[PDB]
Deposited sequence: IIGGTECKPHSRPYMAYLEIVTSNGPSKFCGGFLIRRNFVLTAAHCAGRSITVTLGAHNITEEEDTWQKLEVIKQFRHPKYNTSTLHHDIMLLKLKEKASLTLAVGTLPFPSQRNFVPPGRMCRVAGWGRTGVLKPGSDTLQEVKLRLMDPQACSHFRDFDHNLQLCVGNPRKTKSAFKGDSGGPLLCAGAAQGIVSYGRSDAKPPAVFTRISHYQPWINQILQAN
């Protein structure tokens, strides 16, 4: 998160920290969010050989009793997810156990908020602490320069005149508008120049409910 503020600890108890494992490279990291006790929503580009979800985190380097490190038993990438275009960049993670409900862990032109543990700058390292930034929802034409952006599939997010932006490692986290998740952090420019592309959750609601009722 670039240009944001450290969240009040555990003020966003649905936030998930994903440690993704690959067979040929080191750990990667994404965000996500708990929508059911045993289901986390994230971006499909965050898929890997195996994922661990940490719920209840603020400072992700200091283990605390709020933490719930939960095994993921299966990854549900959108069946139409495309690695070239990043269309349908959405994925459900089924947790091994149902998470405990705690004060720190629970389920979930307008301005919206996005939170994450990603880098605070292009050449800055990932954040120790969960950070949040307020971003503007833009008309689709502001994301035209992303040639594979599509208004029905995706939100365009972030005033280009500001440096405020999600960035590397914030992938998969929710964009919340007036209290409700509307978007999932997907992609943007290597120079962190806003705006960025977010998955439009509403388009995928039928698909989400199909997976949830089948598992």
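Deposited positions without coordinates, collected into consecutive stretches in sequence order: That part of the chain that was deposited but carries no coordinates is 109-119, and nothing else.
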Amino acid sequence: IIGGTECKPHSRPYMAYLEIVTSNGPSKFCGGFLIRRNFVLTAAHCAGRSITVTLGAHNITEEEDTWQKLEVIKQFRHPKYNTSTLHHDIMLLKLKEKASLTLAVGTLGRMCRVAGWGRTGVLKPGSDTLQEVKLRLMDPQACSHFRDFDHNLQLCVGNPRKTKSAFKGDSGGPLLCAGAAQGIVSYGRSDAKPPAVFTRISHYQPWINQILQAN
From here on, numbers count along this sequence of modelled residues.
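20-28 versus 191-199 - greater average Cα B-factor per the deposited record: The recorded data point to 20-28.
From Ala180, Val157, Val40, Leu55, residue of greatest CA B-factor: Result of the comparison over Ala180, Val157, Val40, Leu55: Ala180.
Third of the chain's Cα B-factor distribution that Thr83 belongs to, per the entry: For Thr83, whose C-alpha B-factor we compare with every modelled residue in the chain, the answer is the highest third.
Entry-reported Cα temperature factor of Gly126, expressed as the chain third it lands in: It falls in the top third of the chain.
Third of the chain's Cα B-factor distribution that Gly106 belongs to, per the entry: Its C-alpha B-factor belongs to the middle third of this chain's values.
Chain-wide C-alpha B factor ranking for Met138, given as lowest, middle or highest third: CA B-factor rank for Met138: middle third.
Chain thirds of CA B-factor: placement of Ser165: Middle third - that is where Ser165 ends up once the chain's C-alpha B-factors are sorted.
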